[PDB]
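So here's one chain in two forms, each on its own in structure tokens, numbered structure 1 and structure 2.
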Structure 1
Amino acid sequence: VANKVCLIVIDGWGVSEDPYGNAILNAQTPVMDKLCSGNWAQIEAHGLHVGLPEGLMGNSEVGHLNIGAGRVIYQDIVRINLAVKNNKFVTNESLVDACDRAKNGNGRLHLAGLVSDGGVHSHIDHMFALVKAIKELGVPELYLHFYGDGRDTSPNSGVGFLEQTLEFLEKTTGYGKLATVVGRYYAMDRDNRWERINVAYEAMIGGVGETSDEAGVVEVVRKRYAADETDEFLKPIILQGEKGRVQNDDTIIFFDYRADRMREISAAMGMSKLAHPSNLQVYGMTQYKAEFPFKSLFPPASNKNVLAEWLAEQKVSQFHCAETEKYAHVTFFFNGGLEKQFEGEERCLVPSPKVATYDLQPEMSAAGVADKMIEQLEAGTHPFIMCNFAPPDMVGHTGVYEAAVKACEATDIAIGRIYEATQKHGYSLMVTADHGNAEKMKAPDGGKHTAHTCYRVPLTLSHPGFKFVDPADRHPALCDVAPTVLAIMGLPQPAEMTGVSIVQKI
């Protein structure tokens, strides 16, 4: 190790020149006023920069995940939307596997999921992309099982998604058949009400429901609407007869990317007085349960060699410290979104104060976090140490402006104490944040702003031997923090960290 490094992650501290309701600017913050000058950077922590949809604010779990990982981890929605945009379903490994199984087997494949543009559990565009790719892959026979929404979309929008689907299958692809329509109340239960699931299950396997066809099914639904039965509660409609049922040896893909409401129906298929079809293989758009044998079209990012893992692999010990409210953020999320502790990794939990709301004690336990970090700097055992400072975010969420000011003052004090100890004991200090919050405490109306923001966050560096630079093709972002730490420490960067170091050694 060339340089020992102390990384401070402030929680909810963004960079805003807009002074109204700006608890950071208006707080006495003389330490960060100095660290955020000269050689410092401002990096992105929201939206596509951290793998979230464009325009979406950051948060603690995304932010610590990206900081710790040294790469953008793409949230399911973005990841699948990119695959659609770039025509990547046709080479998706698991889709090719599902299609090869059908082509080498009985030729029959099924798609099943929530058919709307709600985007909470699914999107109709993803189902359309799947049909196009399955057609291109040469699957002989494809059936669709349409789960009516009415919850993430309006209760009488389903007939519009049904018209879109029928027209798409008939005239755009000329391939694939609608086999079932049933409300999400039945198909997508998550409360172990198996009498609800069974309605959808028997429709899919046994054709239990109202018989219809392409010419009549929209009118069936309109009659349901007129009887005050809306999308979420549609009782089953059965098309194509027995051909369209899930039968022995069939293959099925569920295209929802939200696991909680897919666990029951997918388990019923993959593991009532009807005979259960045998030798089914089930695929999910994403992982629904690690305990399931199902392949996923978009399995979890493997997240090999996040910073904590990599330091342990290089035989470098490390320290992670937070107070209670952010302890999961510097452990579970920082380490890649799982509960794993690495060889040589020491953890430190500072108790948060026992108060009804944190605006009552806005300094929370920042002083105690600083005390523990200073102790580690004095010992010098760990070449990498990091902490989180909770107050700006947690007091920010109360909406109380003057409390947020005091939170930022207490955080600045704590940062200065750590800074002075890094200079005495030979560590370089880098200060960053996981997203903004306290720089925007008031809405334009004067009312409270209790949410995260889309502002950039600081990245500071006390070592005078390096200069900040920008990436060639994009703004710097949280994915660049761990690469930059490793460069300052003189350590190698793993290939899996596709973020870049944004310093150059002088």
Structure 2
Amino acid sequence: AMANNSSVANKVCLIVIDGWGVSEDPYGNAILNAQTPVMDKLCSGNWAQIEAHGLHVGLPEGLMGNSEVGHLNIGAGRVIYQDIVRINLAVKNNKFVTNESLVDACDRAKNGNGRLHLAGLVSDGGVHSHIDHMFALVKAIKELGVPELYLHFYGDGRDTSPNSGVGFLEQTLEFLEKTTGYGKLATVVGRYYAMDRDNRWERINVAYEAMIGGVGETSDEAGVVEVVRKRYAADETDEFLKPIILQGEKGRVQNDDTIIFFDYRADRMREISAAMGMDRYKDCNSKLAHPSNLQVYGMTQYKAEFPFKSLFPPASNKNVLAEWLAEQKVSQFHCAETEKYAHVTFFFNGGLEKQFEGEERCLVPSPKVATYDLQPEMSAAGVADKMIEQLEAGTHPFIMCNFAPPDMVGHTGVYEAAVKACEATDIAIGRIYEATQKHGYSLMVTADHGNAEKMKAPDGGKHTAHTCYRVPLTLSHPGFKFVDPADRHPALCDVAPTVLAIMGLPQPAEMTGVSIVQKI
């Protein structure tokens, strides 16, 4: 227990069912075709249906929710964005030209020798980068008035076809000369050399020396596409392109220059960026001098030790529900089956290992079976047991668990076992609800995303995937009325704030709201 447990106005039991969504279509809907009388009552009258997919939880529009994103958003009380989502939103709404770090890189150039470098993987593979981000950056840097911009094109062939690079090179060349009339291609080199992540500095050195010294084949805008096509016929593909050099010494990285790397994945950026921006050029052991007074910038942060500013730096995830309750000196309980323990732990608590002060944990072991359709109740009963024991104790004014059956059985695709899963989950919830009533907890049932509600493809085939359907949010306490946000659908990010409002605890500013209940 914790010193301010008595300040709590209403103790709360939160259940996160895993893979339990709301769908009107009953064909292959294991929740609808399962005896679920407990949830059928809890999901009626005062109850809400909230989003767990797509942008509502920091994912690309249209993408199904999943267990990690779900538990992250639930426990965080804010939307937890993917980096790629953050970047693409910024492209949609012209927020590059106001980006503080990008404005910083550009101002430094403008008040120095004004030379800027763009370097990254040029393709639409979308794993490490996107060429549209590169395009969007050139336009931005143009608007901001940087005098000179040179581009260092890293060839892909791994997240795209090995002979796709000519197309992106053509498309880059036309963009710079006809669309922006600004920016110049200075280098082409394969990601094999520039985006090594196994500390093979002899590979990095190839891209290093090309950028700073022009160690490659000379070409120009008129010839460069032919060079690459000749390389293809020599059996050298995008990934493995040896360097090509386009603007002479003007396009090299020189003294006092600024560099922006536009990849948003870090592992394959740490080496080239540390070679340019710290002391790792020494590992390349080049006979070339290292330029003086460089400053590097990254689309994202590649290593917190690095001094590099970032266009989209990491969110700290400060004052997620678990940390915040401990700050208020209120104690808590987290419980789950094996298969979902990282969800009520690592991910609920912000995506780290921290178990905060006053946080008590319980791991109920999952059954040892080959597939979970062979025991579709899994260990939900045991999880309920431990939760009911905490309700009898009354020690923790906030307790929570996860029930795995609906998701983990849904993934098998066996429709009738899914039905059993949801039946066994519903019985478990019913046991806790009885206990909350007897020991005066308010019960709240939600889910992290759907799954069980769609078990069949239109044609009857197995459908094992997660869904984009909304999920329930129930509240047994009759002095509150559910109310939607005025500006958006409610979403997982509103579970934690709503919890704190029922508990009479303040909300921390990092929790970008919002309680979706109001008192009667």
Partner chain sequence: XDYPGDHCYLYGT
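Under this definition, the rigid core comprises the largest set of C-alpha atoms superposing within 1.5 Å between the forms. Residue 1 is the first residue of structure 1, and the numbers go on in sequence order from there.
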In this pair the form solved without the partner chain turns out to be structure 2
Quick one: spot the hinge among 173, 129, 301, 357 for the rigid-body turn between structures 1 and 2.
301
Two-part rigid motion between structures 1 and 2 - turning angle of the smaller part, in °:
15
Rigid core superposed, residue 84 Cα shift between structures 1 and 2 in Å?
2.5
By how many angstrom is the Cα of residue 13 displaced between structures 1 and 2 when the rigid core is overlaid?
0.1
Can you give the CA shift of residue 140 between structures 1 and 2, in Å, with the two forms fit on their core?
5.9
